[PDB]
């Protein structure tokens, strides 16, 4: 099983602020759908909460929420008490995806063999309570696309990385 991580970050490494994603780049949500469609999507409890209620569970995917609380309620999702448990509920899924947030990416990173990153050209100065992207060392190899204009007026680009 190829455990993948998918996220969007500013160039500075911010993925979340004030419980939200601090930009609007539609092309990123489209990409996210394209990558994750048909697979398990594993998320931390706070990410689950960040999603608008009507958008969740994410359709066409098996949703899993990681919590320490074995009685946590996620309507339309399986709740798991660890990342290892989350990966077990993925079953025979050949390519489960971890979809955030900061805490869960760090948990998953040792299992991961693929990362799909959208970089957003926005000037965000890291605050103390920002959610931050994991750093990838050079065991990770891949390709970086060209800068693209979003409908938003910001630029973005895709990075695809893998390791054995």
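Positions refer to the first chain, counted from 1.
Looking at the deposited entry, does 64-72 or 24-32 carry the larger mean Cα B-factor? If you average the C-alpha B-factors of 64-72 and of 24-32, the larger mean comes out for 64-72.
Which is higher on mean Cα B factor in this entry, 37-45 or 135-143? According to the entry, 135-143 carries the higher average C-alpha B-factor.
Of 106, 55, 120, 112, which one's C-alpha B factor is largest in the deposited record? Of the candidates given, the C-alpha B-factor peaks at 55.
Give the position of residue 95 by CA B-factor within its chain, expressed as the lowest, middle or highest third. Residue 95: CA B-factor falls in the middle third of its chain.
For residue 159, does the deposited CA B-factor place it in the lowest, middle or highest third of the chain? Residue 159: CA B-factor falls in the lowest third of its chain.
Using the B-factor values recorded in the entry, state whether the Cα atom of residue 3 falls in the lowest, middle or highest third among the modelled residues of its chain. For residue 3, whose C-alpha B-factor we compare with every modelled residue in the chain, the answer is the middle third.
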